[PDB]
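Comments concern the structure below.
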Amino acid sequence: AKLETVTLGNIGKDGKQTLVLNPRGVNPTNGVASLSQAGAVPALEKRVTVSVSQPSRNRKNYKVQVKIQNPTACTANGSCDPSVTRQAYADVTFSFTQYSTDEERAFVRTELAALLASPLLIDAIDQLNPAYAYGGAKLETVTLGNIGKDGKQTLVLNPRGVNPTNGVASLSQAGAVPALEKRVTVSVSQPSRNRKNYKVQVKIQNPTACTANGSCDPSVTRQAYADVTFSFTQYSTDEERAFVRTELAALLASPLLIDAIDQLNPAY
């Protein structure tokens, strides 16, 4: 509910870098909290924005929006002062209903945090090897330990094939009815021609079943939709990319996003 200074450790490939995000206050025009570093020039600032949207007459859902930027400073050979040659965005969005409790919300946040540490994405984010690749990705049953509210749940996502039409992968639960699978899709498809950038997309589809006396057959409710999208350009090194992925994992364990996700409190 109240902003503080957020400190994230073991960031990067080596897990030795550390980031301190000083809060820069809550913009009340669009209700977006903002956190940045201290670098005394606004261009060279790693910015993190968190916003929580109430359900409206149009939206009719809860929606949490997390964006993060990471500019890169060059020498600027002719000039004296350094400029921003490129920046690496990353955007996370969540979707929930009012009937969705916190434990489903806390499940998604912890599953997403453990998913970024998984060997599938660190091949997909750093090396840019898509899941849709005989020799690019392992494409094996990913086990996600210690997720949940108390961190005592474990998830195994079985690879239910790769769709070549959209290029996306699919990592589903090992359940029976196809409407009840907790299917996670990773799309590392990289259109470098029209977008001139690299897009990585993950959807933690996390459906929920609660039905009785409906002819003794369960029905999907809410579905706990979640989405993550990365944006990198050419010439961006993988350590710049691995810096983004690792600090995204650190924010999902951060107390500023615990109450923002679980209790849905906008941290003013």
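Labels used: A, B, ... for chains in the order of the structure tokens, numbers from 1 for residues in each chain, and numbers from 1 for ligands as shown.
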DSSP on the backbone: what in stretch 118-192 of chain A comes out helix (DSSP H, G or I), as a PyMOL selection string?
chain A and resi 119-125+178-180
Since we have the selection now, will you write its residues out, keeping C-alpha atoms, as a PDB file, in the first residue's frame?
ATOM      1  CA  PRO A 119      15.979 -23.954 -18.225  1.00  0.00           C
ATOM      2  CA  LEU A 120      13.441 -23.579 -21.033  1.00  0.00           C
ATOM      3  CA  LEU A 121      13.161 -19.805 -20.755  1.00  0.00           C
ATOM      4  CA  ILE A 122      16.826 -19.108 -20.025  1.00  0.00           C
ATOM      5  CA  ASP A 123      17.511 -20.785 -23.341  1.00  0.00           C
ATOM      6  CA  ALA A 124      14.600 -18.873 -24.862  1.00  0.00           C
ATOM      7  CA  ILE A 125      15.351 -15.440 -23.390  1.00  0.00           C
ATOM      8  CA  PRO A 178      -8.623 -30.731 -21.879  1.00  0.00           C
ATOM      9  CA  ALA A 179     -10.566 -27.804 -20.427  1.00  0.00           C
ATOM     10  CA  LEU A 180      -8.894 -28.353 -17.037  1.00  0.00           C
TER      11      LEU A 180
END
Let's see if you can do this: from backbone DSSP, list all strand (DSSP E) residues in stretch 29-209 of chain A, as JSON, numbers by chain.
{"A": [32, 33, 34, 35, 36, 48, 49, 50, 51, 52, 53, 62, 63, 64, 65, 66, 67, 68, 71, 72, 73, 84, 85, 86, 87, 89, 90, 91, 92, 93, 94, 95, 96, 142, 143, 144, 145, 146, 147, 153, 154, 155, 156, 157, 158, 159, 171, 172, 184, 185, 186, 187, 198, 199, 200, 201, 202, 203, 204, 208, 209]}
Taking only C-alpha atoms into account, which of A:242, A:1, A:80, A:90 comes nearest residue A:230?
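The answer is A:90, which sits nearest to residue A:230.
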With only C-alpha atoms as the counted atoms, please give the residues lying no more than 12 Å from residue A:128, apart from itself and same-chain residues fewer than 2 positions off, as a PyMOL selection string.
chain A and resi 120-126+130-133+136-137+186-190+198-200+230-234+236-238+241-242
Output of the above residues as a CSV table (one decimal), in the first residue's frame, restricted to N, CA and C atoms:
chain,number,residue,atom,x,y,z
A,120,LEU,N,14.1,-23.8,-19.7
A,120,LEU,CA,13.4,-23.6,-21.0
A,120,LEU,C,13.5,-22.1,-21.4
A,121,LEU,N,13.2,-21.2,-20.4
A,121,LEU,CA,13.2,-19.8,-20.8
A,121,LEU,C,14.5,-19.2,-20.8
A,122,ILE,N,15.5,-19.7,-20.0
A,122,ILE,CA,16.8,-19.1,-20.0
A,122,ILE,C,17.6,-19.5,-21.3
A,123,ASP,N,17.1,-20.6,-22.0
A,123,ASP,CA,17.5,-20.8,-23.3
A,123,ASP,C,16.7,-19.9,-24.3
A,124,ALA,N,15.5,-19.6,-24.0
A,124,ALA,CA,14.6,-18.9,-24.9
A,124,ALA,C,14.9,-17.4,-24.8
A,125,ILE,N,15.2,-16.9,-23.6
A,125,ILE,CA,15.4,-15.4,-23.4
A,125,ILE,C,16.8,-15.0,-23.7
A,126,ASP,N,17.8,-15.8,-23.2
A,126,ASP,CA,19.1,-15.4,-23.4
A,126,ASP,C,19.6,-15.8,-24.8
A,130,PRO,N,13.9,-20.8,-29.9
A,130,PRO,CA,12.5,-21.0,-29.7
A,130,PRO,C,12.2,-22.5,-29.2
A,131,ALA,N,11.1,-22.7,-28.5
A,131,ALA,CA,10.7,-24.0,-28.1
A,131,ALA,C,10.4,-24.8,-29.4
A,132,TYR,N,9.9,-24.2,-30.5
A,132,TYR,CA,9.7,-24.8,-31.8
A,132,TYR,C,11.0,-25.0,-32.5
A,133,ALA,N,11.8,-25.9,-32.1
A,133,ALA,CA,13.1,-26.2,-32.7
A,133,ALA,C,13.7,-27.5,-32.3
A,136,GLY,N,16.9,-26.5,-31.0
A,136,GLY,CA,16.9,-25.2,-30.3
A,136,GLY,C,16.6,-25.4,-28.9
A,137,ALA,N,15.5,-26.1,-28.5
A,137,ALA,CA,15.1,-26.2,-27.2
A,137,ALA,C,15.0,-27.7,-26.8
A,186,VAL,N,4.8,-20.8,-24.7
A,186,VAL,CA,5.9,-20.0,-24.8
A,186,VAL,C,6.2,-19.7,-26.3
A,187,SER,N,6.1,-18.5,-26.7
A,187,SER,CA,6.3,-18.1,-28.1
A,187,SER,C,7.5,-17.2,-28.2
A,188,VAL,N,8.6,-17.8,-28.7
A,188,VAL,CA,9.9,-17.0,-28.9
A,188,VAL,C,10.0,-16.6,-30.3
A,189,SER,N,8.9,-16.5,-31.0
A,189,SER,CA,8.9,-16.1,-32.5
A,189,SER,C,9.4,-14.7,-32.6
A,190,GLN,N,10.3,-14.5,-33.5
A,190,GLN,CA,11.1,-13.3,-33.6
A,190,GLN,C,11.0,-12.6,-34.9
A,198,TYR,N,12.5,-8.2,-31.3
A,198,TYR,CA,12.3,-9.6,-30.9
A,198,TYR,C,11.3,-9.7,-29.8
A,199,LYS,N,10.2,-10.4,-30.0
A,199,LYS,CA,9.1,-10.5,-29.1
A,199,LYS,C,9.1,-11.9,-28.5
A,200,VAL,N,9.1,-12.0,-27.2
A,200,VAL,CA,8.9,-13.3,-26.5
A,200,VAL,C,7.6,-13.2,-25.7
A,230,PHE,N,8.1,-9.7,-23.8
A,230,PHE,CA,9.5,-9.1,-23.8
A,230,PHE,C,9.7,-8.4,-25.2
A,231,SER,N,10.6,-7.4,-25.2
A,231,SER,CA,10.9,-6.7,-26.4
A,231,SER,C,12.4,-6.4,-26.4
A,232,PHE,N,13.1,-7.0,-27.3
A,232,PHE,CA,14.5,-6.7,-27.5
A,232,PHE,C,14.8,-6.4,-28.9
A,233,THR,N,15.9,-5.6,-29.2
A,233,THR,CA,16.2,-5.2,-30.6
A,233,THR,C,17.5,-5.9,-31.0
A,234,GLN,N,18.0,-5.6,-32.2
A,234,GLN,CA,19.3,-6.2,-32.6
A,234,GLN,C,20.5,-5.6,-31.8
A,236,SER,N,21.6,-6.1,-29.0
A,236,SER,CA,21.4,-6.2,-27.6
A,236,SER,C,22.1,-7.5,-27.2
A,237,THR,N,23.0,-7.5,-26.3
A,237,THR,CA,23.7,-8.7,-25.8
A,237,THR,C,22.8,-9.5,-24.9
A,238,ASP,N,23.1,-10.8,-24.8
A,238,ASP,CA,22.3,-11.7,-24.0
A,238,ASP,C,22.4,-11.3,-22.5
A,241,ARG,N,19.9,-9.1,-22.0
A,241,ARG,CA,18.6,-9.8,-21.9
A,241,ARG,C,18.4,-10.6,-20.7
A,242,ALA,N,19.5,-11.2,-20.2
A,242,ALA,CA,19.4,-12.0,-19.0
A,242,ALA,C,19.3,-11.1,-17.8
Can you tell me how far atom CA of residue A:219 sits from atom CA of residue A:145, in Å to one decimal?
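Distance between the two atoms: 27.3 Å.
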Using only C-alpha atoms, which of A:2, A:193, A:245, A:160 sits nearest residue A:68?
A:245
Restricting to only C-alpha atoms, whichever of A:72, A:33, A:18, A:208 is closest to residue A:46 is A:72
Here is a test: counting only C-alpha atoms, which residue of A:146, A:34, A:197, A:61 is nearest to residue A:95?
A:61
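We find atom CA of residue A:77 and atom CA of residue A:39 to be spaced 20.7 Å apart.
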